[PDB]
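S.K.: Would you mind keeping the following structure in view while I ask a few things?
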Amino acid sequence: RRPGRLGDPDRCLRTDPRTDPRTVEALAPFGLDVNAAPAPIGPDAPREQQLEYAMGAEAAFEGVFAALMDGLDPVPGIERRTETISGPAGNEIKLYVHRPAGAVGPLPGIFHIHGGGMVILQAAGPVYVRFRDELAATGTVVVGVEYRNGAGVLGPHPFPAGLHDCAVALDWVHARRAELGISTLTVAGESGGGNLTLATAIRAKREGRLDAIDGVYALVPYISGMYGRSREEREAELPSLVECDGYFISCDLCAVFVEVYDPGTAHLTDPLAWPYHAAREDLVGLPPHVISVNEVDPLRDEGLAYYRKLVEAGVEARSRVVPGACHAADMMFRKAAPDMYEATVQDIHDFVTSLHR
Ligand SMILES: Cc1cc(=O)oc2cc(O)ccc12
């Protein structure tokens with residue numbers, strides 16, 4: 001009958017007949033081809049224990065991402081620099097700059113915001129280094145921002161610390177397009193980085209900084225903040241949150257990460273924390289957007305809802321789905337599913353080359 005865990009509650013990535021089997025075998029060594037056990041902590045646990053759990057999850061997932069990137073030949077012909085800038089709280093923000101060696105003029109720029117639920121993972125990590133090199137290789141200038149995290153080794157900094165860091169870093173890059181070899185400038189990211197990407201555009205309109213943004217490309221955005229709702233509430237509003245729950249990511253662990261990001265959840269309905277809540281007023285006048293969602297991702301339906309909201313607001317919006325893809329499959333499986341990876345890289349390349357100032 002119904003797809004995924006709507007039809008059979010025990011279905012997992014391996015047993016869903018829609019999953020790209022290459023990705024199932026790629027996740028098998030880590031035990032990530034099946035549903036994780038119910039998370040042993042919840043959103044009402046003491047914050048000290050939530051931050052401990054997040055620190056562990058970060059160390060484990062950084063291990064998995066390193067192993068998924070191991071065995072690849074490096075992307076050839078990329079020049080890299082690290083710049084350090086002052087953040088708004090006296091923090092240092094690192095910028096990782098990638099460009100094709102020997103470019104003869106300006107190229108489209110990509111301001112890249114990494115995922116990890118705005119709480120964990122480093123832009124310095126091999127999965128994001130690889131993604132920035134791959135985008136640079138197509139003929140772009142990529143700047144990866146290392147913002148404050150809600151948790152883990154770059155934490156703990158609640159909302160809106162990371163968002164403010166992204167703002168300051170975007171302004172720093174915009175101010176320097178000529179010396180950085182940048183034509184147009186696109187803000188892009190996946191999952192939590194998709195969240196900060198969409199919020200960065202909403203915030204830039206409010207603050208009169210839209211000149212910094214020619215385009216927005218959000219992949220598998222993590223934007224509803226609704227992971228802690230009941231199975232029935234989730235199914236009523238965003239059925240993918242039940243259909244594909246536990247497929248690589250789990251609503252129970254995300255619900256912890258929501259509390260970690262915004263302790264006391266005073267921002268649960270604030271579109272700068274959870275862009276799914278954007279009003280028409282928040283989206284009118286925003287520059288061109290792409291929303292890329294993944295077929296067997298529990299976040300699929302909140303990404304589709306955001307595309308619909310952008311269209312309703314008159315934004316020059318596009319959307320695509322990656323068939324057979326779990327959450328972020330198109331950025332994790334460079335080894336096991338290179339065609340899926342290449343297709344997303346090329347779609348982003350095509351988008352940024354389409355823009356004019
Ligand atoms: C790797 C990872 C990053 C995140 O922000 O959230 C998650 C949630 C999960 O259930 C499983 C993995 C992650």
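Convention: chains lettered A, B, ... in structure tokens order; per-chain residue numbering from 1; ligands numbered from 1 as shown.
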Around ligand 1, at most 6 Å away and counting only C-alpha atoms and all ligand atoms, which residues are there? Put them as a JSON list (two decimals) with N, CA, C and O atoms, in the first residue's frame, please.
M.R.:
[["chain", "number", "residue", "atom", "x", "y", "z"],
["A", 61, "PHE", "N", 29.95, 10.66, 13.51],
["A", 61, "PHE", "CA", 29.57, 11.05, 12.12],
["A", 61, "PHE", "C", 30.77, 11.63, 11.35],
["A", 61, "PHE", "O", 30.90, 11.34, 10.15],
["A", 116, "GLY", "N", 24.67, 19.70, 9.45],
["A", 116, "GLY", "CA", 24.88, 19.24, 10.84],
["A", 116, "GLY", "C", 23.88, 19.87, 11.77],
["A", 116, "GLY", "O", 24.20, 20.10, 12.95],
["A", 117, "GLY", "N", 22.66, 20.12, 11.29],
["A", 117, "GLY", "CA", 21.53, 20.56, 12.15],
["A", 117, "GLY", "C", 21.79, 21.86, 12.89],
["A", 117, "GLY", "O", 21.11, 22.10, 13.91],
["A", 248, "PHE", "N", 18.58, 7.15, 7.56],
["A", 248, "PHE", "CA", 19.84, 7.92, 7.81],
["A", 248, "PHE", "C", 19.67, 8.89, 8.99],
["A", 248, "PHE", "O", 20.53, 8.91, 9.93],
["A", 249, "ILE", "N", 18.62, 9.71, 8.97],
["A", 249, "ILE", "CA", 18.30, 10.63, 10.10],
["A", 249, "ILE", "C", 16.96, 10.25, 10.75],
["A", 249, "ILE", "O", 16.07, 9.68, 10.04],
["A", 250, "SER", "N", 16.85, 10.56, 12.04],
["A", 250, "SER", "CA", 15.70, 10.18, 12.89],
["A", 250, "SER", "C", 15.12, 11.41, 13.53],
["A", 250, "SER", "O", 15.85, 12.27, 14.02],
["A", 253, "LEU", "N", 16.25, 12.07, 17.36],
["A", 253, "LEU", "CA", 17.55, 12.75, 17.55],
["A", 253, "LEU", "C", 17.42, 14.21, 17.06],
["A", 253, "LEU", "O", 17.91, 15.08, 17.75],
["A", 254, "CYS", "N", 16.75, 14.45, 15.93],
["A", 254, "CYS", "CA", 16.57, 15.84, 15.44],
["A", 254, "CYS", "C", 15.82, 16.63, 16.52],
["A", 254, "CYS", "O", 16.17, 17.79, 16.76]]
S.K.: Could you tell me which of A:118, A:188, A:68, A:204 comes closest to residue A:167 if we count only C-alpha atoms?
M.R.: A:204
S.K.: Neighbours of residue A:291 within 7 Å (only C-alpha atoms; same-chain residues fewer than 5 positions away dropped), as number ranges by chain?
M.R.: A: 217-219, 303, 307, 318-320
S.K.: Could you write out that same residue set with N, CA and C atoms as a compact mmCIF listing (two decimals), in the first residue's frame?
M.R.:
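selection_21.txt, written as the output of this step:
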# COMPACT_ATOMS: atom_id res chain seq x y z
N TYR A 217 20.60 28.48 -3.26
CA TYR A 217 20.48 27.06 -3.63
C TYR A 217 20.50 26.23 -2.35
N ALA A 218 19.32 25.75 -1.96
CA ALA A 218 19.13 24.99 -0.72
C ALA A 218 18.91 23.52 -1.07
N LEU A 219 19.72 22.63 -0.50
CA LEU A 219 19.62 21.15 -0.69
C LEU A 219 19.08 20.52 0.59
N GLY A 303 10.82 20.65 2.44
CA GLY A 303 11.51 21.30 1.31
C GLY A 303 10.53 21.65 0.21
N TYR A 307 9.43 25.38 -1.45
CA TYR A 307 9.33 25.73 -2.89
C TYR A 307 7.97 26.38 -3.17
N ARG A 318 12.85 27.46 -8.60
CA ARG A 318 12.92 26.15 -9.27
C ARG A 318 13.04 25.10 -8.16
N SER A 319 12.68 23.87 -8.49
CA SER A 319 12.83 22.72 -7.56
C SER A 319 13.20 21.49 -8.37
N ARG A 320 13.85 20.53 -7.72
CA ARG A 320 14.17 19.22 -8.31
C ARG A 320 14.10 18.18 -7.19
S.K.: Can you list, as a ChimeraX atom specification, every protein, DNA or RNA residue that comes within 8 Å of stretch 351-353 of chain A when you count only C-alpha atoms, leaving out same-chain residues fewer than 6 positions away?
M.R.: /A:108-110,184-186,215,290
S.K.: Export N, CA and C atoms of the chosen residues as a compact mmCIF listing (two decimals), in the first residue's frame?
M.R.:
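Okay, out_35.txt is ready:
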# COMPACT_ATOMS: atom_id res chain seq x y z
N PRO A 108 31.38 32.62 -11.17
CA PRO A 108 30.31 32.69 -10.19
C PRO A 108 30.84 32.23 -8.83
N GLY A 109 30.45 32.95 -7.80
CA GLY A 109 30.82 32.64 -6.41
C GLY A 109 29.70 31.88 -5.72
N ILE A 110 30.12 30.98 -4.83
CA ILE A 110 29.23 30.19 -3.95
C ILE A 110 29.71 30.37 -2.52
N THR A 184 28.81 36.86 -9.83
CA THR A 184 27.55 36.72 -9.06
C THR A 184 27.87 35.92 -7.79
N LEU A 185 27.02 36.01 -6.80
CA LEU A 185 27.25 35.35 -5.51
C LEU A 185 25.96 34.63 -5.10
N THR A 186 26.12 33.32 -4.87
CA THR A 186 25.04 32.41 -4.51
C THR A 186 25.31 31.87 -3.10
N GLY A 215 21.55 34.71 -5.75
CA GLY A 215 20.87 33.42 -5.86
C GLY A 215 20.99 32.63 -4.59
N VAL A 290 16.75 27.82 -5.75
CA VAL A 290 16.52 26.38 -6.09
C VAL A 290 16.33 25.62 -4.79
S.K.: Could you pull the residues within 12 Å of stretch 231-240 of chain A, counting only C-alpha atoms, minus those fewer than 6 positions along the same chain, as number ranges by chain?
M.R.: A: 2-7, 9, 223-225, 246-247, 250-252, 276, 293-306, 326-327
S.K.: When DSSP works through the backbone of this structure, what residues of stretch 196-295 of chain A end up as helix (DSSP H, G or I), shown as a PyMOL selection string?
M.R.: chain A and resi 196-206+210-212+231-237+240-243+251-261+275-277+280-283
S.K.: Would you write out those residues with C-alpha atoms, as a PDB file, in the first residue's frame?
M.R.:
ATOM      1  CA  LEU A 196      20.962  28.776   7.500  1.00  0.00           C
ATOM      2  CA  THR A 197      21.021  29.451   3.678  1.00  0.00           C
ATOM      3  CA  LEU A 198      17.261  30.225   3.488  1.00  0.00           C
ATOM      4  CA  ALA A 199      17.302  32.196   6.815  1.00  0.00           C
ATOM      5  CA  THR A 200      20.381  34.168   5.545  1.00  0.00           C
ATOM      6  CA  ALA A 201      18.270  35.376   2.545  1.00  0.00           C
ATOM      7  CA  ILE A 202      15.222  36.223   4.756  1.00  0.00           C
ATOM      8  CA  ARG A 203      17.510  38.126   7.209  1.00  0.00           C
ATOM      9  CA  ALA A 204      19.408  39.923   4.379  1.00  0.00           C
ATOM     10  CA  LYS A 205      16.087  41.400   3.047  1.00  0.00           C
ATOM     11  CA  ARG A 206      15.163  42.656   6.556  1.00  0.00           C
ATOM     12  CA  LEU A 210      20.139  41.640  -0.513  1.00  0.00           C
ATOM     13  CA  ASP A 211      22.887  43.153  -2.811  1.00  0.00           C
ATOM     14  CA  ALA A 212      25.087  40.353  -1.339  1.00  0.00           C
ATOM     15  CA  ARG A 231       3.727  10.370  14.749  1.00  0.00           C
ATOM     16  CA  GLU A 232       0.071  11.460  13.967  1.00  0.00           C
ATOM     17  CA  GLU A 233       0.877  15.234  14.006  1.00  0.00           C
ATOM     18  CA  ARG A 234       3.935  14.670  11.758  1.00  0.00           C
ATOM     19  CA  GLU A 235       1.932  12.419   9.356  1.00  0.00           C
ATOM     20  CA  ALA A 236      -0.925  15.018   9.141  1.00  0.00           C
ATOM     21  CA  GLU A 237       1.353  17.939   8.163  1.00  0.00           C
ATOM     22  CA  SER A 240       7.641  12.230   4.752  1.00  0.00           C
ATOM     23  CA  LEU A 241       8.651  12.780   8.465  1.00  0.00           C
ATOM     24  CA  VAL A 242       6.902   9.393   9.146  1.00  0.00           C
ATOM     25  CA  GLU A 243       7.301   7.664   5.702  1.00  0.00           C
ATOM     26  CA  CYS A 251      13.059  12.603  14.121  1.00  0.00           C
ATOM     27  CA  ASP A 252      13.843  11.680  17.815  1.00  0.00           C
ATOM     28  CA  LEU A 253      17.549  12.754  17.555  1.00  0.00           C
ATOM     29  CA  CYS A 254      16.566  15.844  15.436  1.00  0.00           C
ATOM     30  CA  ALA A 255      14.043  16.778  18.185  1.00  0.00           C
ATOM     31  CA  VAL A 256      16.995  16.794  20.687  1.00  0.00           C
ATOM     32  CA  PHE A 257      19.042  18.903  18.223  1.00  0.00           C
ATOM     33  CA  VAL A 258      16.115  21.439  17.924  1.00  0.00           C
ATOM     34  CA  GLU A 259      16.260  21.972  21.734  1.00  0.00           C
ATOM     35  CA  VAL A 260      20.109  22.135  21.620  1.00  0.00           C
ATOM     36  CA  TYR A 261      20.030  24.809  18.877  1.00  0.00           C
ATOM     37  CA  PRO A 275      12.306  28.892   7.626  1.00  0.00           C
ATOM     38  CA  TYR A 276       9.312  26.534   7.125  1.00  0.00           C
ATOM     39  CA  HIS A 277       7.419  29.202   9.191  1.00  0.00           C
ATOM     40  CA  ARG A 280       4.671  35.765   2.392  1.00  0.00           C
ATOM     41  CA  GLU A 281       6.116  39.047   3.815  1.00  0.00           C
ATOM     42  CA  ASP A 282       9.412  37.183   4.564  1.00  0.00           C
ATOM     43  CA  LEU A 283       9.762  35.780   0.978  1.00  0.00           C
TER      44      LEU A 283
END
S.K.: Using only C-alpha atoms, determine which residues lie at most 7 Å from stretch 313-315 of chain A, disregarding the query and same-chain residues fewer than 6 positions distant; provide the list as a list in words.
M.R.: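 Here the qualifying residues turn out to be residues 280, 283, 284, 285, 286, 287 and 288 of chain A.
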S.K.: Suppose we keep C-alpha atoms; can you now write the selection as a PDB file, in the first residue's frame?
M.R.:
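Result file follows (out-v2.pdb):
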ATOM      1  CA  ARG A 280       4.671  35.765   2.392  1.00  0.00           C
ATOM      2  CA  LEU A 283       9.762  35.780   0.978  1.00  0.00           C
ATOM      3  CA  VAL A 284       8.519  38.605  -1.340  1.00  0.00           C
ATOM      4  CA  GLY A 285      11.425  40.278  -3.235  1.00  0.00           C
ATOM      5  CA  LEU A 286      13.957  37.473  -2.540  1.00  0.00           C
ATOM      6  CA  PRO A 287      16.390  36.580  -5.332  1.00  0.00           C
ATOM      7  CA  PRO A 288      16.164  33.373  -7.418  1.00  0.00           C
TER       8      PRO A 288
END
S.K.: Given only C-alpha atoms as the basis, pick out the residue of A:162, A:335, A:245, A:345 nearest to residue A:67.
M.R.: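 Using only C-alpha atoms, residue A:67 sits closest to A:335.
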S.K.: What gap, in Å, lies between atom CA of residue A:80 and atom CA of residue A:96?
M.R.: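 Value for the atom CA of residue A:80-atom CA of residue A:96 distance: 7.0 Å.
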S.K.: What are the DSSP strand (DSSP E) residues of stretch 196-259 of chain A, as a VMD selection string?
M.R.: chain A and resid 215 to 219
S.K.: By how many Å are atom CA of residue A:27 and atom CA of residue A:228 apart?
M.R.: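 Taking atom CA of residue A:27 and atom CA of residue A:228, their separation equals 25.4 Å.
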S.K.: Residues within 12 Å of residue A:28, please, as number ranges by chain. Count only C-alpha atoms; anything in the same chain fewer than 3 positions from it doesn't count.
M.R.: A: 13-14, 21-25, 31-35, 64, 68, 248, 336
S.K.: Using only N, CA, C and O atoms, please write the residues we just selected to a file, as a CSV table (one decimal), in the first residue's frame.
M.R.:
chain,number,residue,atom,x,y,z
A,13,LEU,N,16.0,1.8,5.2
A,13,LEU,CA,16.6,2.1,3.9
A,13,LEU,C,16.8,0.8,3.1
A,13,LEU,O,16.5,0.8,1.9
A,14,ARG,N,17.3,-0.2,3.8
A,14,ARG,CA,17.6,-1.5,3.0
A,14,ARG,C,16.4,-2.1,2.4
A,14,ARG,O,16.5,-2.5,1.3
A,21,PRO,N,20.2,1.0,-4.3
A,21,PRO,CA,20.9,-0.1,-3.6
A,21,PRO,C,22.4,0.2,-3.4
A,21,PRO,O,23.0,-0.3,-2.4
A,22,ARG,N,23.1,0.9,-4.3
A,22,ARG,CA,24.5,1.3,-4.1
A,22,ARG,C,24.7,2.0,-2.8
A,22,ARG,O,25.8,1.9,-2.1
A,23,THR,N,23.7,2.9,-2.4
A,23,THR,CA,23.8,3.7,-1.2
A,23,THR,C,23.6,2.9,0.1
A,23,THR,O,24.2,3.2,1.1
A,24,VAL,N,22.7,1.9,-0.1
A,24,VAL,CA,22.5,0.9,1.0
A,24,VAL,C,23.8,0.2,1.4
A,24,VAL,O,24.2,0.1,2.5
A,25,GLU,N,24.5,-0.4,0.3
A,25,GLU,CA,25.8,-1.1,0.6
A,25,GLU,C,26.8,-0.1,1.1
A,25,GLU,O,27.6,-0.5,2.0
A,31,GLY,N,26.4,0.3,9.8
A,31,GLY,CA,25.1,-0.1,10.4
A,31,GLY,C,24.1,1.0,10.1
A,31,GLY,O,23.0,0.9,10.7
A,32,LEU,N,24.3,1.9,9.1
A,32,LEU,CA,23.3,3.0,8.8
A,32,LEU,C,22.4,2.6,7.6
A,32,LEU,O,21.7,3.5,7.1
A,33,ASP,N,22.4,1.3,7.2
A,33,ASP,CA,21.5,0.8,6.2
A,33,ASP,C,20.1,0.5,6.8
A,33,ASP,O,19.2,0.2,6.1
A,34,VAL,N,20.1,0.4,8.2
A,34,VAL,CA,18.8,0.1,9.0
A,34,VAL,C,18.5,1.3,9.9
A,34,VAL,O,19.3,2.2,10.1
A,35,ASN,N,17.3,1.2,10.5
A,35,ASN,CA,16.8,2.3,11.4
A,35,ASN,C,17.7,2.2,12.7
A,35,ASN,O,17.8,1.1,13.3
A,64,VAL,N,32.5,8.6,10.1
A,64,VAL,CA,31.8,8.0,9.0
A,64,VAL,C,32.1,8.8,7.7
A,64,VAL,O,32.4,8.2,6.6
A,68,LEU,N,33.9,7.7,4.2
A,68,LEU,CA,33.2,7.8,2.9
A,68,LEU,C,34.1,8.6,1.9
A,68,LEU,O,33.9,8.3,0.7
A,248,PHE,N,18.6,7.1,7.6
A,248,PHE,CA,19.8,7.9,7.8
A,248,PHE,C,19.7,8.9,9.0
A,248,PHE,O,20.5,8.9,9.9
A,336,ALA,N,30.3,5.6,-4.1
A,336,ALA,CA,29.4,4.5,-4.4
A,336,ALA,C,28.3,5.0,-5.5
A,336,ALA,O,27.9,4.1,-6.2
